[PDB]
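Participant: My structure is below; once you've seen it, I'll send some questions.
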Amino acid sequence: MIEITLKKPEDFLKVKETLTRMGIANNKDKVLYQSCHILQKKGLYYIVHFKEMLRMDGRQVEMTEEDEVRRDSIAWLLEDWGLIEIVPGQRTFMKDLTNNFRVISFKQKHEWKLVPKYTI
Amino acid sequence: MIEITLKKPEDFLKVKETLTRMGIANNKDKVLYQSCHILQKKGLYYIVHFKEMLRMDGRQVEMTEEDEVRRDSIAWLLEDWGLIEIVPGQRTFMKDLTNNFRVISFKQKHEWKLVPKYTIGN
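Right, dumping it as structure tokens:
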């Protein structure tokens, strides 16, 4: 998971809503699958892929490399966007190649079907 | 070991020479210890730490986290200067040249004992 500092503690919910609009798109039947979530654990904040949360609930699930590239590039994009800082000193994919994602704008939002993948 | 792209083949010896001039400086007897090397292997290029090369020769050496961070931040620095591009799709540390790090110019190098940590005996 990636350790994260937010600027102000309200922001957790802003970040949570923004992650709703970042994932694998099915641009044909306009469905977008949420990839990563924000969790606070033991006081520190983290960007977590949906599979790590499935792993946290006991499921023997393993991220793929495509999966952790996706997570690292969503975390780096929200940093680019100035919404999270990635706590210094972690080893991450900082240049993508392998799977990328779709970001939907807050007003394309309701035109799209937002489906959380955390095998609901 | 970090895979890198070079702008043109003759940039290899350019980087090989740059890496001799950046590392841990003992200024009281002016020795600069180089620790990262550029590698060509099957037509691809790599920034590699001397412990990965000692490792690659059969020695029982452990790269610490501190070694990987120095190697990656020297790859980031060469990238900032435009001598290389790190290849996308690799996990790296952020650039952080904290503890002792020094770059010495080309003109000034004749006063430094440039010393590869790779060849250091014992």
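Going down the list, the protein sequences come from chains Y and X. Okay, so the first sequence: first residue is 1 according to the entry's author numbering, each after it adds one. Okay, so the second sequence: first residue is 1 according to the entry's author numbering, each after it adds one. Virtual Cβ for every residue (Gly too), placed ideally from N, Cα, C.
1. Between which two residues does the beta strand (DSSP E) holding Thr-5 of chain X run?
2. Run the proximity test for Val-69 of chain X: is its beta-carbon closer than 6 Å to any non-hydrogen atom belonging to the ligand MN?
3. Taking the alpha-carbon positions, what's the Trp-81 of chain Y to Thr-119 of chain X distance?
4. Is the Cβ of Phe-106 of chain X closer than 7 Å to any Cβ of chain Y?
5. Using beta carbons (cut-off 7 Å, strictly below), is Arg-71 of chain Y in contact with chain X?
6. Chain Y beta carbons: is any one of them nearer than 7 Å to that of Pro-88 of chain X?
7. Run the CB neighbour count on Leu-78 of chain Y, radius 10 Å, all protein chains shown included, and call it buried at 16 or more, exposed below.
8. When the Cα of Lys-28 of chain X is compared with those of X:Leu-54, X:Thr-64, X:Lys-113, X:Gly-121, which residue comes out closest?
9. Comparing the C-beta of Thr-92 of chain X with each C-beta of chain Y, is any distance below 7 Å?
10. With 7 Å as the threshold, decide whether the Cβ of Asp-67 of chain Y is near any Cβ in chain C.
11. Does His-37 of chain X pass the burial test, meaning 16 or more other C-beta atoms within 10 Å, or should it be called exposed?
12. Are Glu-85 of chain X and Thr-5 of chain X closer than 7 Å when you measure CB to CB?
13. Checking contacts by CB at 7 Å: is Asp-80 of chain Y closer than that to chain X?
14. Can you tell me whether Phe-93 of chain Y is helix, strand or coil according to DSSP?
15. Determine the chain Y residues that contact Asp-96 of chain X at a beta-carbon separation under 8 Å, and present them in chain order.
16. Between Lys-117 of chain X and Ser-35 of chain X, is the Cβ-Cβ spacing less than 7 Å?
17. Helix, strand or coil for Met-22 of chain X per DSSP?
18. Assign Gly-23 of chain X to buried or exposed, taking buried as 16 or more other Cβ atoms, counted over all protein chains shown, within 10 Å of its Cβ.
19. Can you look up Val-61 of chain X in the DSSP assignment and give me helix, strand or coil?
20. By the 10 Å Cβ neighbour count, where 16 or more other Cβ atoms means buried, how is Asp-57 of chain Y classified, buried or exposed?
21. On the DSSP bridge assignment, give the partners of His-49 of chain X in chain order.
Facilitator: In short, the structure shows the following:
1. Going by DSSP, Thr-5 of chain X is part of the beta strand (DSSP E) stretching over 2-5.
2. In the structure shown, the ligand MN is absent, as is every other ligand, since no ligand is present at all.
3. If you take the alpha carbons of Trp-81 of chain Y and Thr-119 of chain X, they lie about 45 Å apart.
4. No, its Cβ sits nowhere closer than 7 Å to a Cβ of chain Y.
5. Residue contact check for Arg-71 of chain Y against chain X: no CB pair falls below 7 Å.
6. The beta-carbon of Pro-88 of chain X is placed less than 7 Å from the nearest beta-carbon of chain Y.
7. Counting Cβ neighbours within 10 Å, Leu-78 of chain Y comes out buried, since at least 16 surround it.
8. Looking at the Cα atoms, X:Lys-113 is the closest of the given residues.
9. Residue-level contact check: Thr-92 of chain X touches chain Y, since one or more beta carbons of chain Y fall below 7 Å from its beta carbon.
10. This model lacks chain C altogether; the protein chains it does include are Y and X.
11. Counting the other Cβ atoms within 10 Å of the Cβ of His-37 of chain X gives 16 or more, which makes it buried.
12. Taking 7 Å as the Cβ cut-off, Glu-85 of chain X and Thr-5 of chain X qualify as a contacting pair.
13. Closer than 7 Å to the CB of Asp-80 of chain Y there is not a single CB belonging to chain X.
14. In the structure shown, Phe-93 of chain Y sits in a strand (DSSP, three-state: E or B).
15. Here the neighbours are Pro-88, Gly-89.
16. Between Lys-117 of chain X and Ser-35 of chain X, the gap from beta carbon to beta carbon is short of 7 Å.
17. For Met-22 of chain X, the secondary structure class from DSSP, reduced to helix, strand or coil, is strand.
18. Flag for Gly-23 of chain X reads buried.
19. It is coil, neither helix nor strand.
20. By the Cβ-count criterion, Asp-57 of chain Y is exposed, with fewer than 16 other Cβ atoms from all chains shown falling within 10 Å of its own Cβ.
21. Beta-bridge pairing links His-49 of chain X to X:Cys-36.
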